[PDB]
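Asker: The file below is target_14.pdb, PDB, C-alpha atoms and all ligand atoms:
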```pdb
ATOM      1  CA  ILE A   1       1.999  14.691   9.268  1.00  0.00           C
ATOM      2  CA  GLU A   2      -1.499  13.840  10.564  1.00  0.00           C
ATOM      3  CA  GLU A   3      -3.200  14.706   7.259  1.00  0.00           C
ATOM      4  CA  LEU A   4      -0.695  12.743   5.208  1.00  0.00           C
ATOM      5  CA  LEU A   5      -0.947   9.630   7.427  1.00  0.00           C
ATOM      6  CA  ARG A   6      -4.770   9.734   7.238  1.00  0.00           C
ATOM      7  CA  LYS A   7      -4.594   9.831   3.420  1.00  0.00           C
ATOM      8  CA  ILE A   8      -2.227   6.849   3.247  1.00  0.00           C
ATOM      9  CA  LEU A   9      -4.498   4.934   5.676  1.00  0.00           C
ATOM     10  CA  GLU A  10      -7.559   5.753   3.538  1.00  0.00           C
ATOM     11  CA  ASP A  11      -5.831   4.650   0.337  1.00  0.00           C
ATOM     12  CA  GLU A  12      -4.470   1.401   1.840  1.00  0.00           C
ATOM     13  CA  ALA A  13      -7.966   0.468   2.971  1.00  0.00           C
ATOM     14  CA  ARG A  14      -9.347   1.207  -0.485  1.00  0.00           C
ATOM     15  CA  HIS A  15      -6.646  -1.020  -1.951  1.00  0.00           C
ATOM     16  CA  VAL A  16      -7.765  -3.965   0.189  1.00  0.00           C
ATOM     17  CA  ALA A  17     -11.277  -3.577  -1.263  1.00  0.00           C
ATOM     18  CA  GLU A  18     -10.044  -3.082  -4.862  1.00  0.00           C
ATOM     19  CA  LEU A  19      -7.648  -6.036  -4.671  1.00  0.00           C
ATOM     20  CA  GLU A  20     -10.388  -8.272  -3.231  1.00  0.00           C
ATOM     21  CA  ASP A  21     -12.533  -7.241  -6.247  1.00  0.00           C
ATOM     22  CA  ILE A  22      -9.704  -8.136  -8.627  1.00  0.00           C
ATOM     23  CA  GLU A  23      -9.229 -11.500  -6.861  1.00  0.00           C
ATOM     24  CA  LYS A  24     -12.939 -12.299  -7.330  1.00  0.00           C
ATOM     25  CA  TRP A  25     -12.925 -11.157 -10.977  1.00  0.00           C
ATOM     26  CA  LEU A  26      -9.832 -13.245 -11.809  1.00  0.00           C
TER      27      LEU A  26
ATOM     28  CA  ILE B   1      -8.422  -4.997 -14.285  1.00  0.00           C
ATOM     29  CA  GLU B   2      -5.180  -3.784 -15.916  1.00  0.00           C
ATOM     30  CA  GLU B   3      -6.197  -0.083 -15.581  1.00  0.00           C
ATOM     31  CA  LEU B   4      -7.228  -0.545 -11.942  1.00  0.00           C
ATOM     32  CA  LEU B   5      -3.962  -2.326 -11.126  1.00  0.00           C
ATOM     33  CA  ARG B   6      -2.029   0.568 -12.713  1.00  0.00           C
ATOM     34  CA  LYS B   7      -3.890   3.138 -10.591  1.00  0.00           C
ATOM     35  CA  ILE B   8      -3.121   1.067  -7.481  1.00  0.00           C
ATOM     36  CA  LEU B   9       0.584   0.651  -8.264  1.00  0.00           C
ATOM     37  CA  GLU B  10       0.976   4.374  -9.043  1.00  0.00           C
ATOM     38  CA  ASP B  11      -0.546   5.144  -5.650  1.00  0.00           C
ATOM     39  CA  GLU B  12       1.826   2.609  -3.987  1.00  0.00           C
ATOM     40  CA  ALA B  13       4.734   4.555  -5.535  1.00  0.00           C
ATOM     41  CA  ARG B  14       3.226   7.805  -4.175  1.00  0.00           C
ATOM     42  CA  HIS B  15       3.104   6.141  -0.704  1.00  0.00           C
ATOM     43  CA  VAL B  16       6.828   5.559  -0.851  1.00  0.00           C
ATOM     44  CA  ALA B  17       7.266   9.299  -1.629  1.00  0.00           C
ATOM     45  CA  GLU B  18       4.876  10.368   1.131  1.00  0.00           C
ATOM     46  CA  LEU B  19       6.319   8.030   3.760  1.00  0.00           C
ATOM     47  CA  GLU B  20       9.816   9.274   2.920  1.00  0.00           C
ATOM     48  CA  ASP B  21       8.637  12.889   3.486  1.00  0.00           C
ATOM     49  CA  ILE B  22       7.043  11.860   6.820  1.00  0.00           C
ATOM     50  CA  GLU B  23      10.420  10.375   7.838  1.00  0.00           C
ATOM     51  CA  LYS B  24      12.077  13.743   7.086  1.00  0.00           C
ATOM     52  CA  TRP B  25       9.439  15.696   9.021  1.00  0.00           C
ATOM     53  CA  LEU B  26       9.821  13.358  12.032  1.00  0.00           C
TER      54      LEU B  26
ATOM     55  CA  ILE C   1       7.777   4.843  14.892  1.00  0.00           C
ATOM     56  CA  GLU C   2      10.916   4.976  12.708  1.00  0.00           C
ATOM     57  CA  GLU C   3      11.150   1.180  12.389  1.00  0.00           C
ATOM     58  CA  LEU C   4       7.476   0.808  11.552  1.00  0.00           C
ATOM     59  CA  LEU C   5       7.550   3.565   8.892  1.00  0.00           C
ATOM     60  CA  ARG C   6      10.638   1.991   7.264  1.00  0.00           C
ATOM     61  CA  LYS C   7       8.829  -1.370   7.045  1.00  0.00           C
ATOM     62  CA  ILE C   8       5.738   0.165   5.429  1.00  0.00           C
ATOM     63  CA  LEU C   9       7.991   2.046   2.957  1.00  0.00           C
ATOM     64  CA  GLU C  10       9.844  -1.188   2.108  1.00  0.00           C
ATOM     65  CA  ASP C  11       6.604  -3.104   1.575  1.00  0.00           C
ATOM     66  CA  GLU C  12       4.988  -0.365  -0.559  1.00  0.00           C
ATOM     67  CA  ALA C  13       8.022  -0.356  -2.832  1.00  0.00           C
ATOM     68  CA  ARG C  14       7.882  -4.136  -3.137  1.00  0.00           C
ATOM     69  CA  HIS C  15       4.212  -3.843  -4.063  1.00  0.00           C
ATOM     70  CA  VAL C  16       5.023  -1.515  -6.967  1.00  0.00           C
ATOM     71  CA  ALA C  17       7.395  -4.180  -8.331  1.00  0.00           C
ATOM     72  CA  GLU C  18       4.960  -7.077  -7.703  1.00  0.00           C
ATOM     73  CA  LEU C  19       2.017  -5.216  -9.246  1.00  0.00           C
ATOM     74  CA  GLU C  20       4.099  -4.293 -12.311  1.00  0.00           C
ATOM     75  CA  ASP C  21       4.886  -8.039 -12.651  1.00  0.00           C
ATOM     76  CA  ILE C  22       1.185  -8.887 -12.427  1.00  0.00           C
ATOM     77  CA  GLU C  23       0.371  -6.200 -15.031  1.00  0.00           C
ATOM     78  CA  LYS C  24       2.916  -7.728 -17.442  1.00  0.00           C
ATOM     79  CA  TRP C  25       1.692 -11.290 -16.785  1.00  0.00           C
ATOM     80  CA  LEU C  26      -1.966 -10.330 -17.349  1.00  0.00           C
TER      81      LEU C  26
ATOM     82  CA  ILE D   1      -1.255 -14.340  -9.630  1.00  0.00           C
ATOM     83  CA  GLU D   2      -4.203 -14.964  -7.272  1.00  0.00           C
ATOM     84  CA  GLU D   3      -1.887 -16.070  -4.399  1.00  0.00           C
ATOM     85  CA  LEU D   4       0.412 -13.074  -4.903  1.00  0.00           C
ATOM     86  CA  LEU D   5      -2.543 -10.673  -4.951  1.00  0.00           C
ATOM     87  CA  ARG D   6      -3.793 -12.201  -1.675  1.00  0.00           C
ATOM     88  CA  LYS D   7      -0.397 -11.704  -0.004  1.00  0.00           C
ATOM     89  CA  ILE D   8      -0.388  -8.080  -1.192  1.00  0.00           C
ATOM     90  CA  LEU D   9      -3.925  -7.325   0.009  1.00  0.00           C
ATOM     91  CA  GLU D  10      -3.252  -8.921   3.418  1.00  0.00           C
ATOM     92  CA  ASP D  11      -0.216  -6.667   3.766  1.00  0.00           C
ATOM     93  CA  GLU D  12      -2.333  -3.622   2.734  1.00  0.00           C
ATOM     94  CA  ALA D  13      -4.706  -4.498   5.605  1.00  0.00           C
ATOM     95  CA  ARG D  14      -1.694  -4.743   7.961  1.00  0.00           C
ATOM     96  CA  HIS D  15      -0.648  -1.232   6.776  1.00  0.00           C
ATOM     97  CA  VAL D  16      -3.975   0.141   7.901  1.00  0.00           C
ATOM     98  CA  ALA D  17      -3.335  -1.443  11.345  1.00  0.00           C
ATOM     99  CA  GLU D  18       0.239  -0.147  11.510  1.00  0.00           C
ATOM    100  CA  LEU D  19      -0.615   3.367  10.336  1.00  0.00           C
ATOM    101  CA  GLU D  20      -3.409   3.530  12.916  1.00  0.00           C
ATOM    102  CA  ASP D  21      -0.888   2.593  15.664  1.00  0.00           C
ATOM    103  CA  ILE D  22       1.532   5.275  14.374  1.00  0.00           C
ATOM    104  CA  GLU D  23      -1.317   7.814  14.658  1.00  0.00           C
ATOM    105  CA  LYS D  24      -1.798   6.796  18.317  1.00  0.00           C
ATOM    106  CA  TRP D  25       1.930   7.020  19.074  1.00  0.00           C
ATOM    107  CA  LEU D  26       2.115  10.492  17.467  1.00  0.00           C
TER     108      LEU D  26
HETATM  109 ZN    ZN E   1      -1.734   0.304  -1.213  1.00  0.00          ZN
HETATM  110 ZN    ZN E   2      -5.089   3.879  -4.399  1.00  0.00          ZN
HETATM  111 ZN    ZN E   3      -2.290   6.981  -1.728  1.00  0.00          ZN
HETATM  112 ZN    ZN E   4      10.314  13.307  -0.431  1.00  0.00          ZN
HETATM  113 ZN    ZN E   5       0.991  -1.789  -0.624  1.00  0.00          ZN
HETATM  114 ZN    ZN E   6       3.610  -6.834   0.743  1.00  0.00          ZN
HETATM  115 ZN    ZN E   7       3.621  -4.321   5.017  1.00  0.00          ZN
HETATM  116 ZN    ZN E   8      -3.857  -0.404  16.389  1.00  0.00          ZN
END
```
Just dump the structure as structure tokens.
Ligand SMILES: [Zn+2]
Ligand SMILES: [Zn+2]
Ligand SMILES: [Zn+2]
Ligand SMILES: [Zn+2]
Ligand SMILES: [Zn+2]
Ligand SMILES: [Zn+2]
Ligand SMILES: [Zn+2]
Ligand SMILES: [Zn+2]
Answerer:
Amino acid sequence: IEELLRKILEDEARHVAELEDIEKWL
Amino acid sequence: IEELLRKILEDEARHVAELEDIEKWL
Amino acid sequence: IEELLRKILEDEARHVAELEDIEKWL
Amino acid sequence: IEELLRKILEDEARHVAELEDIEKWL
């Protein structure tokens, strides 16, 4: 469970950064 | 932008799958 | 923990649908 | 599209916060 939660956390954080990039590009 | 959005949304769908498995394990 | 996981699951699923909308609109 | 993306990314940031709390509770 620990490893899976860490991976979701990582990916969610990356999404914030990617979506902020998209917002700026749009 | 379209390709990046698709990668993000596919990962969001994987999060549903992973969270559902965490629910089962808990 | 159960209630919080359910809410994240719900929201992730909604994001798939919203992001697929954005993909179509773009 | 920009407003919707902002709502999504703000929720992604909340998921990091919520997942981190779940880690602590577990
Ligand atoms: Zn995400
Ligand atoms: Zn991702
Ligand atoms: Zn992921
Ligand atoms: Zn499953
Ligand atoms: Zn999401
Ligand atoms: Zn949301
Ligand atoms: Zn949420
Ligand atoms: Zn916290």
Asker: Can you check which parts of chain B lie within 12 Å of ligand ZN 3 (chain E)? Per residue, the shortest pair of atoms and distance in Å to one decimal, counting only C-alpha atoms and all ligand atoms, sorted by chain and number, as a Markdown table.
Answerer:
```
| residue | atom | partner | partner_atom | distance |
| --- | --- | --- | --- | --- |
| B:7 | CA | E:ZN3 | ZN | 9.8 |
| B:8 | CA | E:ZN3 | ZN | 8.3 |
| B:9 | CA | E:ZN3 | ZN | 9.5 |
| B:10 | CA | E:ZN3 | ZN | 8.4 |
| B:11 | CA | E:ZN3 | ZN | 4.7 |
| B:12 | CA | E:ZN3 | ZN | 6.4 |
| B:13 | CA | E:ZN3 | ZN | 8.3 |
| B:14 | CA | E:ZN3 | ZN | 6.1 |
| B:15 | CA | E:ZN3 | ZN | 5.6 |
| B:16 | CA | E:ZN3 | ZN | 9.3 |
| B:17 | CA | E:ZN3 | ZN | 9.8 |
| B:18 | CA | E:ZN3 | ZN | 8.4 |
| B:19 | CA | E:ZN3 | ZN | 10.3 |
```
Asker: Please, what distance in Å, to one decimal, runs between CA of residue 4 in chain C and CA of residue 5 in chain D?
Answerer: 22.5 Å
Asker: Show which residues sit within 9 Å of residue 1 in chain B, as a PyMOL selection string. Count all atoms listed in the file, and ignore same-chain residues fewer than 4 positions away.
Answerer: (chain A and resi 22+25-26) or (chain B and resi 5-6) or (chain C and resi 23+26)
Asker: Can you work out the spacing between atom ZN of ligand ZN 7 (chain E) and CA of residue 3 in chain B in Å, to one decimal?
Answerer: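 Interatomic distance here is 23.2 Å.
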Asker: Just need the box for range 9-25 of chain A, edges along x, y and z, holding every atom the file lists for it with 6 Å tacked onto each side, so centre and edge lengths in Å to one decimal, as AutoDock Vina command-line options.
Answerer:
```
--center_x -8.7 --center_y -3.3 --center_z -2.7 --size_x 20.5 --size_y 30.1 --size_z 28.7
```
